Protein chains: 2
Amino acid sequence: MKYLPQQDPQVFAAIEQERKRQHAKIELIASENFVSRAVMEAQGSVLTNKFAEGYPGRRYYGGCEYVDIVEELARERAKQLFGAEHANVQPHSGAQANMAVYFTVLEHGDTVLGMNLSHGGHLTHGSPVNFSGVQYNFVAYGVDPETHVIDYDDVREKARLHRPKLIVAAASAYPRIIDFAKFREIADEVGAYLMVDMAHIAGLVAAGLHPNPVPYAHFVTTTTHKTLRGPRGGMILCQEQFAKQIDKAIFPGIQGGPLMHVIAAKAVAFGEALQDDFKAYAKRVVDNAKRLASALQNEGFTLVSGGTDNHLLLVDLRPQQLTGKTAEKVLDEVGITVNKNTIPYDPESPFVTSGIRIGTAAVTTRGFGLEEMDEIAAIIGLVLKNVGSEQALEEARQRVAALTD
Amino acid sequence: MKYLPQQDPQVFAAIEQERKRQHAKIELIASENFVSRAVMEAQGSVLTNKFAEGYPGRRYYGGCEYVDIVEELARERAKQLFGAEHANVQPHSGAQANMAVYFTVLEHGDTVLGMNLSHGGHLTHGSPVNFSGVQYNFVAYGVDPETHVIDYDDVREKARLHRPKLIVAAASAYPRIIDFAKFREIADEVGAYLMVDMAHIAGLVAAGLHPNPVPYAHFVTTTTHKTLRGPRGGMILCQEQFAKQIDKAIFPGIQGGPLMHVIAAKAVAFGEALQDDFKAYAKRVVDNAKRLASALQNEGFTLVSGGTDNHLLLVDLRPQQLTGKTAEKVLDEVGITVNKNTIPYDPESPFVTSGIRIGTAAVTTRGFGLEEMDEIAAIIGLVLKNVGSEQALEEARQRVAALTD
Ligand SMILES: Cc1ncc(COP(=O)(O)O)c(CN[C@H](C(=O)O)[C@H](C)O)c1O
Ligand SMILES: Cc1ncc(COP(=O)(O)O)c(CN[C@H](C(=O)O)[C@H](C)O)c1O
């Protein structure tokens with residue numbers, strides 16, 4: 001940076017702290033990642049100066065010849081990445097991507113079926129304090145109490161009982177592969193649209209390591225950050241038959257001007273994901289996740305569903321008589337970043353929880369491998385099995401320091 | 001840029017075109033501006049890597065110590081700038097800022113009173129193809145057919161007749177000062193909340209050149225770009241009594257994770273606006289607007305309302321027997337960027353229009369002054385009075401080139 005340090009010392013100082021923190025900590029929040037310098041440069045571009053309401057070649061303001069090229073590069077790359085017939089790369093966020101799909105196919109008060117929020121469903125999949133739960137009538141399907149795998153017969157019974165206009169699949173904390181084929185079969189049975197929110201798994205989808213929802217879902221939403229390793233923002237994929245309606249839902253329906261500099265950064269991230277080394281990266285993410293799961297089981301930890309098929313894992317801390325909140329706090333003390341997370345049929349509130357959620361996408365990006373996975377697991381065991389030992393915590397601190405260099 | 005040119009030649013080429021276009025054209029779209037290099041650097045920062053759901057010191061994810069400082073700097077600077085009791089700097093856009101206020105005080109189907117969309121009201125103030133018009137029952141107040149000034153007796157009659165739960169004031173194409181005191185008096189008469197969308201005039205408010213809605217409105221929304229000359233995004237100001245409810249409306253109500261890098265850029269822009277030279281800049285914006293209005297009247301053009309009190313002006317092209325669409329197109333041919341804009345009681349559709357909207361915020365930022373205003377007006381007259389003369393258009397082209405260097 002050149003101009004920010006001179007113009008705004010206060011803001012620069014805090015940014016510089018944050019940069020150093022990102023290097024110093026072991027980042028295990030499942031939704032987090034580190035973007036390339038190219039992605040950041042696109043975001044820090046003069047494209048923030050362009051007002052571009054409308055769509056490429058169909059703008060409502062002149063001067064958009066070049067931002068049109070940028071947006072089309074994003075849409076075409078997204079379509080190549082996911083094999084979708086149409087992309088909308090303007091959603092400001094995953095929340096707004098979801099909002100737009102809901103706005104497209106639902107009237108106020110329509111019934112929607114989504115994954116139980118305490119079994120892995122997202123805020124925007126029907127929380128009663130989110131627009132989704134307030135605007136529409138959400139009902140929920142559950143995972144099996146033993147396997148912690150989605151109970152497809154419960155999905156089907158809930159659909160047949162409640163007759164939703166829309167079924168939503170995908171999750172913020174589900175460590176197994178989702179069966180989109182079964183979701184579409186149920187959707188077809190009850191005459192419901194199927195929406196897949198693939199935010200967490202989108203990078204893995206792109207790399208052929210998770211089944212692609214696109215051929216099964218009427219609408220696929222996602223964030224561009226997370227496993228896809230792009231800028232913070234949303235995206236909607238769909239077949240050509242819904243393209244016009246989805247585009248009108250984004251604008252003029254729920255947004256105004258798009259963030260053209262963020263869309264440039266989306267195009268950049270999509271370009272990166274189309275490359276072979278992103279495929280290699282993504283396999284290391286899943287490989288690392290499986291290795292981490294195994295090493296945690298080796299320390300004596302119980303994992304929700306017994307392990308992982310993706311980038312993320314959930315530790316059920318009940319056997320250690322710990323809440324997720326306690327574990328989160330103590331891990332924070334040693335420089336490991338997790339979040340407390342409800343587990344299926346959690347006896348604790350969402351603010352306390354009986355689990356922690358852990359993902360490998362961030363640590364994999366910085367070059368951590370299987371040996372680092374073993375060591376992370378060993379540090380977690382050291383800390384959680386000795387929460388009252390300041391000496392154990394100091395040793396943990398020093399081992400975390402050795403990992404991040 | 002260093003990494004983007006190497007990693008993504010296609011995206012870099014289009015960005016580079018856009019950069020050169022920004023320098024080459026005369027940008028007169030009223031909502032546009034050019035941000036500082038410090039603002040862009042903040043946007044291109046590693047803060048895009050941080051997930052920060054919740055609010056400063058009340059986050060739902062760890063590691064937010066430093067992004068908390070950044071957000072607080074934005075909120076405190078905003079509060080100092082506008083004298084507001086509470087700021088929310090997380091809205092992704094002006095659309096989302098508006099959506100959140102509506103979400104806070106309205107139920108589905110509530111009556112809202114806003115400015116007639118073809119008299120200067122915004123899309124999000126009740127368009128029937130926008131969430132606002134679909135979710136709530138919007139009724140409209142008008143400007144006087146002669147003066148083109150808001151008819152405060154019509155505001156009052158519409159409020160008393162329709163009994164709105166919320167009155168909205170502010171505009172995308174109103175060239176006179178808005179009387180917030182009268183809006184609040186009417187609101188108080190009918191027991192309605194008052195919301196002011198100050199997006200266009202926020203920089204002028206900050207500089208003491210437009211009356212401040214904050215002491216009169218329950219809720220003030222705005223964009224951070226436009227006259228405020230910051231990054232693209234939204235903001236809500238309000239008194240402390242509504243702080244908690246506004247914050248919950250943004251999250252968990254209508255968004256998820258905030259754009260911390262954009263919030264850093266907001267803090268930067270707010271820091272700039274607190275400085276004396278931003279005050280001097282803003283006066284030049286209004287000074288230039290008045291001078292431009294006068295010089296256009298000198299060319300024989302009719303202006304909506306007879307001139308301007310702010311950064312923007314509307315030309316009523318009916319006397320020249322031109323539509324706004326025709327004028328927009330021909331000005332585009334010579335390198336002047338305007339938009340077609342409906343005028344009050346426009347006989348044409350919103351897609352054709354009888355006017356063009358012109359603002360000076362962008363040209364003022366690049367250092368244009370009164371003499372440049374006279375020349376811009378002279379070029380506009382040359383072009384619009386000779387739409388069929390390729391020689392007039394070439395001369396216009398060369399004079400535009402002389403202005404932008
Ligand atoms: C499945 C899923 N979809 C959307 C989003 C949020 O998108 P945005 O933040 O851009 O509005 C999420 C967010 N998930 C968070 C995370 O996993 O850490 C958290 C649970 O909100 C999501 O999971
Ligand atoms: C008064 C007013 N409020 C909000 C916005 C849009 O905010 P965002 O684009 O970040 O969602 C606008 C936009 N106005 C545009 C412009 O003036 O050029 C256009 C009329 O939509 C606004 O005017």
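Residues numbered from 1 in each chain as written, not as in the entry; some residues may be left out. Chains lettered and ligands numbered in written order. Heavy atoms only, no water.

The deposited coordinates for this entry were obtained by X-ray crystallography, with a reported resolution of 1.92 Å.

### Observations concerning unusual backbone geometry
All names here are of chain A. The step from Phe-251 to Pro-252 runs through a cis peptide bond, and the omega angle for that step is 10 degrees. Locating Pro-252 in the fold gives a position in helix α10 (residues 243-254). Residues other than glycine seldom take positive phi values, yet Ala-170 does so here, at roughly 110 degrees. Relative to the assigned elements, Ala-170 resides in the loop between β7 (166-169) and α8 (180-190). (Helix = DSSP H or I, 4+ residues; strand = E, 2+ residues; numbered from the N terminus.)

### Looking at the relation of the copies chain B and chain A
Note that the two copies of the chain are related through a rotation about an axis and a translation along the same axis. Once turned by 180 degrees and shifted 0.0 Å along the axis, chain B lies on chain A with an RMSD of 0.0 Å. Expressed as a symmetry operation, the mapping of one chain copy onto the other fits a two-fold axis. In terms of proximity to the rotation axis, the leading residue of chain B is B:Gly44, whose C-alpha is 1.8 Å off the axis. The fraction of interface residues of chain B whose copies in chain A are also interface residues reaches 100%, indicating that both copies meet through the same surface. (Least-squares fit on C-alpha atoms. Contact = heavy atoms within 4.5 Å.)

### Brief notes about the site of ligand 2
B:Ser31, B:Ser172, B:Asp197, B:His200 and B:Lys226 are the nearest of the 19 residues found near ligand 2. Near ligand 2, the surrounding residues are drawn from chains A and B. In the model, an oxygen atom of ligand 2 is placed 3.1 Å from a nitrogen or oxygen of the B:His122 side chain. Interatomic distance of 3.0 Å between a side-chain N/O atom of B:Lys226 and a nitrogen atom of ligand 2. (Near = heavy atom within 4 Å. Polar contact = N/O pair within 3.5 Å; in protein donor to acceptor, adjacent residues only side chain to side chain.)

### With respect to the side chain of A:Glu272
In this fold, A:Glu272 is placed in helix α11 (residues 260-273). Salt bridges are absent for the buried A:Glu272, whose nearest opposite-charge side chain, A:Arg229, sits at 5.1 Å. Not counting the four nearest positions on each side in its chain, A:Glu272 is found in contact with A:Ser36, A:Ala38, A:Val39, A:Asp277, A:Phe278 and B:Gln7. (Buried < 20%, exposed > 50% of the residue type's maximum accessible area, 1.4 Å probe, protein only. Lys, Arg positive; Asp, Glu negative; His and termini not counted. Salt bridge = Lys/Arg side-chain N within 4 Å of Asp/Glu carboxyl O.)

### Looking at the sheet that holds strand β11 (residues 302-303) of chain B
Residues and elements named next belong to chain B. Taken in spatial order, the 4 strands of this open sheet run β11-β12-β15-β14, and their pairing is antiparallel. Both edges of this open sheet fall to β11 and β14 (339-341), since each of them pairs with a single strand only. With 2 bridges connecting them, β11 and strand β12 (residues 312-316) associate as antiparallel partners. Its bridge partner being in β12, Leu-303 is matched across the sheet by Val-315. Sheet strands touched by helix α12 (residues 276-298): β11, β12 and β15 (355-359). Its angle to β12, the strand with the most contacts, is close to 15 degrees. With respect to the sheet, helix α13 (residues 324-334) is in contact with β14 and β15, its orientation differing from that of β15 by roughly 50 degrees. (Pairing = 2+ DSSP bridges. Axes fitted to C-alpha atoms, helices over the stretch in contact; angles between N-to-C directions.)

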